[PDB]
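A.B. asks:
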Amino acid sequence: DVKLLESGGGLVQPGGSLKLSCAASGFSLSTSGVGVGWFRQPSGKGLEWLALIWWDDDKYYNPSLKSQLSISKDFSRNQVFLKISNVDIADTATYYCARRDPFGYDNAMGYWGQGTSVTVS
Amino acid sequence: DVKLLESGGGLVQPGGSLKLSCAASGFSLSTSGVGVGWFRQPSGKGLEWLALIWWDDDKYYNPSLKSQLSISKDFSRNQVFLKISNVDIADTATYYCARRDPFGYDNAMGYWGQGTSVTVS
Amino acid sequence: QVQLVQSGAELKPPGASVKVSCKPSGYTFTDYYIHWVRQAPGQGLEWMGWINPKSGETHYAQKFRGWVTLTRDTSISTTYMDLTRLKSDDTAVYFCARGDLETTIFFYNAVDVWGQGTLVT
Amino acid sequence: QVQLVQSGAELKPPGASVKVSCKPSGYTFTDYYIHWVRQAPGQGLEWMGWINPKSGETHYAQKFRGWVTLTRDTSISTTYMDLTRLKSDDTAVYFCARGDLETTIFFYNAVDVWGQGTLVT
Amino acid sequence: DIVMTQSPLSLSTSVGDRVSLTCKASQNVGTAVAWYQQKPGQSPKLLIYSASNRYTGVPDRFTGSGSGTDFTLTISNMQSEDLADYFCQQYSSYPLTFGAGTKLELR
Amino acid sequence: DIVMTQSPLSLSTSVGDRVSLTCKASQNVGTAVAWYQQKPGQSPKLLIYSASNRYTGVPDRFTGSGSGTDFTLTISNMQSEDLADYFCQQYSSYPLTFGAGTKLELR
Amino acid sequence: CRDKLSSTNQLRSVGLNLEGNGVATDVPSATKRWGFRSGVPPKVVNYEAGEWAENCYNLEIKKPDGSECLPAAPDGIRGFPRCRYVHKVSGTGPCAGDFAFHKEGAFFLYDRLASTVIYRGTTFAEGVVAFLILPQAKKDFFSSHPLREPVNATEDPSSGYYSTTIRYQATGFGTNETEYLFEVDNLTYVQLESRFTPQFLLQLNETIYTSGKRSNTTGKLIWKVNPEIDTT
Amino acid sequence: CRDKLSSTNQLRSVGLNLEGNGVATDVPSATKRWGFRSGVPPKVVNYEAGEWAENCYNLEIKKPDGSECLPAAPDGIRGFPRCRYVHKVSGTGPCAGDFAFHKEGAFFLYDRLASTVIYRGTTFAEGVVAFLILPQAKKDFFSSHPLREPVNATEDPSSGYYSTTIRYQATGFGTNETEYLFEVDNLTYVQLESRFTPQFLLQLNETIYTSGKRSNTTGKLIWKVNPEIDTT
Amino acid sequence: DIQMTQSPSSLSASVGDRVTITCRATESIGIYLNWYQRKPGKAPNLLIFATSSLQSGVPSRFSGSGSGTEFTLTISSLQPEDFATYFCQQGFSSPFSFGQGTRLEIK
Amino acid sequence: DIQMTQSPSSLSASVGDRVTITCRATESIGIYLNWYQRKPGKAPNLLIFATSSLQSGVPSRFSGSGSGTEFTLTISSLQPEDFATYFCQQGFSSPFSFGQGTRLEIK
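Chains as they are written, first to last, in the authors' numbering: chain I, 1 to 35, 35A to 35B, 36 to 82, 82A to 82C, 83 to 100, 100A to 100D, 101 to 112; chain D, 1 to 35, 35A to 35B, 36 to 82, 82A to 82C, 83 to 100, 100A to 100D, 101 to 112; chain G, 1 to 52, 52A, 53 to 82, 82A to 82C, 83 to 100, 100A to 100G, 101 to 110; chain B, 1 to 52, 52A, 53 to 82, 82A to 82C, 83 to 100, 100A to 100G, 101 to 110; chain J, 1 to 107; chain E, 1 to 107; chain F, 53 to 284; chain A, 53 to 284; chain C, 1 to 107; chain H, 1 to 107.
1) Which residues in chain B sit within 8 Å of A:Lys276, going by Cβ to Cβ distance?
2) With burial defined as no fewer than 16 other Cβ atoms inside 10 Å of the residue's Cβ, what is the status of F:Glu280: buried or exposed?
3) Out of H:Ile106, H:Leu33, H:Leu73, which has the shortest C-alpha to C-alpha gap to H:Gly91?
4) Please report whether the beta-carbon of H:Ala13 lies at a distance below 9 Å from any beta-carbon of chain G.
5) Pairing CB atoms from the stretch 48–63 of chain E with CB atoms from the stretch 57–66 of chain F, are three or more of them under 8 Å?
6) Quick check: the Cα distance between G:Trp66 and G:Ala9, rounded to an integer number of angstroms?
7) Would you say H:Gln79 faces chain M, with C-beta separation under 9 Å as the test?
8) On the DSSP letters alone, give me the boundaries of the beta strand (DSSP E) that C:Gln37 sits inside.
9) In whole angstroms, what separates the C-alpha of F:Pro93 from that of H:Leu47?
10) Looking at chain F, is there any beta carbon in it that lies within less than 9 Å of the beta carbon of B:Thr100?
11) Which residues does DSSP pair with F:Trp86 in a beta bridge?
12) Mind listing the chain H neighbours of F:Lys155? Cutoff is C-beta to C-beta under 8 Å, in chain order.
13) Hey, could you find the ends of the beta strand (DSSP E) B:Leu108 is sitting in?
14) Are any of the Cβ atoms in chain C nearer than 9 Å to that of F:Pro80?
15) Which residues in chain H sit within 9 Å of residue 117 of chain G, going by Cβ to Cβ distance?
16) What span of residues does the alpha helix (DSSP H) with A:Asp282 cover, start to end?
17) B:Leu4 and B:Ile51 - do their beta-carbons sit closer together than 9 Å?
18) Leaving aside the five residues before and after A:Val96 along the sequence, list all residues of the same chain whose C-beta is less than 6 Å from its C-beta, in chain order.
19) From E:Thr22 to D:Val34, what does the alpha carbon distance come to, in whole angstroms?
20) In the DSSP output, which residue or residues are listed as bridge partners for C:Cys88?
21) Counting only Cβ-Cβ distances shorter than 9 Å, please list the residues of the stretch 54–88 of chain C near chain F, keeping chain order.
22) Given a threshold of 16 other Cβ atoms within 10 Å of its Cβ, counted over all protein chains shown, does A:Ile274 qualify as buried or as exposed?
23) Any heavy atom of the ligand ZN closer than 8 Å to the beta-carbon of E:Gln79?
24) Return yes when the Cβ of B:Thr107 is within less than 9 Å of the Cβ of B:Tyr90, no when it is not.
25) Measure the alpha-carbon distance for H:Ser76 versus H:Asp82 and round it to whole angstroms.
26) Taking A:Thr144 as the reference, give the member of A:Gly128, A:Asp163, A:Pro123 with the closest Cα.
27) Within the same chain, show all residues whose beta-carbon is closer than 8 Å to that of B:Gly26, passing over the 5 residues directly before and after it, in chain order.
28) How should D:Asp86 be labelled, buried or exposed, when 16 other C-beta atoms within 10 angstroms of its C-beta is the threshold for buried?
29) Name the DSSP bridge partner or partners of B:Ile34?
30) Going along chain C in order, which residues have a C-beta closer than 8 Å to the C-beta of A:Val92?
31) Please classify J:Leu9 as buried or exposed, where buried requires at least 16 other C-beta atoms within 10 Å of its C-beta.
32) Between I:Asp83 and the rest of its own chain, which residues show a CB-CB distance below 8 Å, the 5 nearest in sequence each way excluded?
33) Comparing the C-beta of G:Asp101 with each C-beta of chain H, is any distance below 9 Å?
34) What residues from chain B crowd round C:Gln100, counting only those whose CB sits closer than 8 Å?
35) Applying a beta-carbon distance threshold of less than 7 Å, which residues of chain F neighbour A:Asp192?
36) Which of helix, strand or coil does DSSP assign to F:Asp78?
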């Protein structure tokens, strides 16, 4: 079983930046298997960000949020990163990324990984 | 007017040889105009040899007679020759060659030239 | 006729430098690639990389140890495989194979025209 | 750098021979066609023909007078335009133009690299 | 692009109650949806592939239903250990959204 | 290949007699023939082009006739100066041959 | 091979297509013939010009470490000869070598230029360098030859070189490690080394695109290409 | 033109057809491009091989003085590359030059050989010498190239190179003095520089040959070619 | 024996002038001929390769081409060295005759 | 780092013998590699050009070709000089490793 892993992380001053990240232990990251989901805010309220990450195309679920975020990945290691900047204090969460194996075009990316604790001060 | 000319000639020992010949003064010998007729025996009796001379093909009217004859020509000068050999005494004549302009395929070669006096002893 | 004349053998006593001359004759000094190969006695040849004497570039395999660079005075008939950090824990006989400079490289690994060699201990 | 060094001028007195040296330097002795051109003073150049020094062949224009052949010792740096039947009724300055031997002949009439010349009277 | 709603968080149940859940959307999604559930203190797990199919290890009580702007989740029976916040999503547009989570009280 | 005959040498005429000549051949020549005449002490001259046509400078008394194995020469009138040995030939084979010459006596 | 004229006699001067050996590729077999090298210096050739051809390639390759495996980006002019279609192909596997050298003598050419090495971007018809020609044939033969061939070009290249794609996905590299998904309109299909040239793929952009299409926008289509699907 | 590789790098090695410049001839226009020379020595080329082509020539030329203007008869092997048709052409005008040299750089080739000069007899496709090729392409490309092209030859050359004639008559020589009667079966026709290639002439060997033919055996036909006759 | 006719006859000239020179073959050739030029008191120097390509080290100002019987040298922007006598060497065949023609002068 | 594996291991041999030697690339290459041979106590001499063409001055007896990972040297009619050690130099890429393998001996 692949273990989706999370790293970040921890306290950030507001208006700051953080390269939030995840990794897939035991996984062969490749173009096969499409991509990875991305952190959702467990804090609630309710659901937040997902990323449309394709091995050849990082896409933004809600591009207005790009004022604080951008996305990139590593294939030499199974890793993915989030370029957090201009942090909003309302966004603190343990943040769950997820990587379900795609069902071909039906890229239903569940399979949540480890939590982290994003906080601000 | 082209003058067909004849040269030879004169006395020949029997069983001998003679390069009998003719020439066309004032003429442009060429492949145009086809060819030339060839000596006929004026001695008679009656008609004798004609040659089927084409600028590209000397032909023999009666090839059995080739034991005494063969034919060749010069274009650098308007001249034609007969390779007489093994002479038959019965063949003495003044010998008239002729060169009528051809009527295309109708190569009616009249236009007799000068006489010569072929004799033997 | 190329003759890449070369320096005599020496015992070590580690930490030595030891430039190795490879002096051609019968050849325009900069017109072929210069080598740069070595082997422990009792061992197959080690590629050392090569140099483009026209420009002096290192190419580049022994830079991994960093032990060698070449002196390349273009006004003289030789080059020197300058060595550093030489140790007696790696004896070798150095040699100078010749390549084919100023050509498209379809090589044709350099011919071991020379030969002799320089033992070090 | 080709330099086809050449013999001094002389007055005639007809019936003279007079070889004319044309001694190259800066050139392999037999690797280009050798000339062999001349002119009366007050006159345009006369081609004299040329020689293939690799085999010594005459080529061949002045053979019409027959006045010239060349001495071609291949162990020396010169050839001689040997002349015969020289007369004072045809003065000239001889010259030695150079061709392009061992090539397909697309010529390119020989260049008058030399020059100087040899006047004869 | 598209928004979604789900039946309210405050639902109440007892063991063995057959239950169902619903969601709604502002666009006719066709069958491009999925359902999932999560329990507090735990990462979420997916439940329904497409409009009806279920993910591996999902209990035999669960199948999806509906199409377009309206979907439901059929859950045969109830077990107290099966309480979870339940969710659903359209895949037809971006950003993707989930219906509000819901859970049932053991009452 | 082909042989030919002609009316006999011994013919006799007087001035203004219309006359004609004939020849025969062993093959159907079609129209490939010619006629000529010669006078003693003189080179010959051609008379009839093809089976009927005449050569330049031929008198208006003369035209050819016939085809194949049989040909004739029509000569309107007679003049004593027009006597000559007359001949004809096939061009259809080689060797080419002429009919025996003929002439008419002034009697 | 000095012969008599190898020394300085003029030679001229255009690239020729390697397909004259019946060569065709499924895409990876082309890369099978090249790979990468090696820290050996690159070489280039100057040409009067080179041949137009139906099949050529555009390339970018990536490394998993983000380098990303770029082929050199030379300052030479990067236009290239008309080619009926080209295949841009892109992405990792990695370049262990520092450049994408040919193994076949396959000069890569564009704009009367060629090299022993593939460069980033613009198309690389592959070929060999012609040498010959009478020095004055330049005023005659060259009017139809590629130097003036644009003057004598027909209008049919508009149905010709215009008909190309850039969508191949080079997943992985080498004969033991690669796959070629083919994109269409953010759709993908399983690679088919048993099929060649985008006209086939065009059917997919006119048929499976018409139905069996990504009506479901959850992601790029990943068509499953069953051999039965390939057959029908 | 030394470049970097002109000195000794291997080059290979076949003749190429001059018709790539749109060249075609009425027969004398081909000789217009050659004529004869001059007492300058002849040159030859060694090839691996050369190109098959639809149009080539066989020659013998004569002098009115009986010399007769013969082109040299070399001891090289005289087979030649397949050619769909050839035109043997023969007879005077005279060779003032001592050989029939090309003026165009038109190497005359047969049997992997070529020369700057036309030789007696066997056909001379005309062309230029290719130089290039990877040294190992000989085991690959050459299988379809003229060295092994007979292996990959189709059976269609039987309708191809088989379809040729030898009947042209070169009366006179040079642009101010020549005519080309065309023989058929001891028939001749007026030259037609406005028509090209024996297929046209073949109609004459199937039509005017069928009627308007030399039924009259007095001599070779000399058809009068009226421009109306040429037209119809 | 094709003569190398040449014209214009010698001409007056000045610097910056553009001029042409032509050769007329006695017979059409369609093949290369070469041109030379000379300083007075000196041997001629090849000026242009027989194929109408400049001899190496010749200035860009030099030009010219031809076919058949006509070959035309051109020079643009005359310079003082250009008052050299110009010539039409026969090039392609025996005997290799040498044409003569204009040179330039000012007075 | 493609290793140049080589086999056979050294072999006994005699004059007139025909033998082969092969190299095995660690990875397929399809590209040239070169072979060398050496007298004992001496530097190796190129034996064959990397493209499987003999080095100049090499006897006709030498042969061999290959593709992919396999390259096979051949020798026919062994002669006393052929007991030299043979090698598989890497040819086409960095690092240019040098293979080792059979040499011939008799006893």
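No residue lacks a Cβ here, since even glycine has one placed at the ideal position from N, Cα and C.
C.D. replies: Working from what's here:
1) By Cβ distance, chain B contributes nothing, its closest Cβ being about 44 Å from A:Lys276, past 8 Å.
2) Under this definition F:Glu280 is an exposed residue.
3) Closest option to H:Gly91, Cα to Cα, is H:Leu33.
4) Not an interface residue.
5) Touching, no.
6) C-alpha separation (whole angstroms): 17 Å.
7) Among the protein chains in the structure shown, which are I, D, G, B, J, E, F, A, C and H, there is no chain M.
8) Here the beta strand (DSSP E) through C:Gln37 covers 34–38.
9) Cα to Cα, F:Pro93 sits roughly 25 Å from H:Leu47.
10) At least one chain F Cβ lies under 9 Å of B:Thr100.
11) According to DSSP, residue pairing for F:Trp86 in a beta bridge does not occur.
12) Within chain H, the residues near F:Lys155 are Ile29, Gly30, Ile31, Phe92.
13) Unbroken beta strand (DSSP E) run through B:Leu108: 107–109.
14) No, its Cβ sits nowhere closer than 9 Å to a Cβ of chain C.
15) With chain G covering 1 to 110 only, the question about residue 117 of chain G has no answer from this structure.
16) In the DSSP assignment, A:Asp282 falls within the unbroken alpha helix (DSSP H) covering 279–283.
17) Cβ atoms of B:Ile51 and B:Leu4: not closer than 9 Å.
18) Shown here for A:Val96: same chain residues with a beta carbon closer than 6 Å to its own, the five before and five after excluded, namely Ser167 in chain order.
19) Rounded to the nearest angstrom, the two C-alpha atoms are 30 Å apart.
20) Partner(s): C:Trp35, C:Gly99.
21) Within the stretch 54–88 of chain C, the residues whose Cβ lies closer than 9 Å to some Cβ of chain F are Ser65, listed in chain order.
22) Buried is the call here.
23) You won't find the ligand ZN in this model; it holds no ligand whatsoever.
24) Taking 9 Å as the Cβ cut-off, B:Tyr90 and B:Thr107 qualify as a contacting pair.
25) When rounded, the distance between both Cα atoms is 10 Å.
26) It is A:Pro123.
27) For B:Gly26, same chain residues with a beta-carbon under 8 Å away, outside a window of 5 residues either side, are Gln1, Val2, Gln3 in chain order.
28) Around the beta carbon of D:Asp86, a 10 Å sphere encloses 16 or more other beta carbons of the protein chains shown; the residue is thus reported as buried.
29) According to DSSP, B:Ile34 bridges with B:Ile51, B:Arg94.
30) Listed by position along chain C, the residues whose Cβ is nearer than 8 Å to that of A:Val92 are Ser93, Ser94.
31) Exposed, by the Cβ-count rule.
32) If we look at I:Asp83 and ignore the five residues flanking it on each side, its Cβ neighbours are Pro14, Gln66.
33) At least one chain H Cβ lies under 9 Å of G:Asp101.
34) Within 8 Å Cβ-Cβ: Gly44.
35) Listed along chain F, the residues sitting closer than 7 Å to A:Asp192 by beta-carbon distance are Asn73.
36) If DSSP states are grouped into helix, strand and coil, F:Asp78 belongs with coil.
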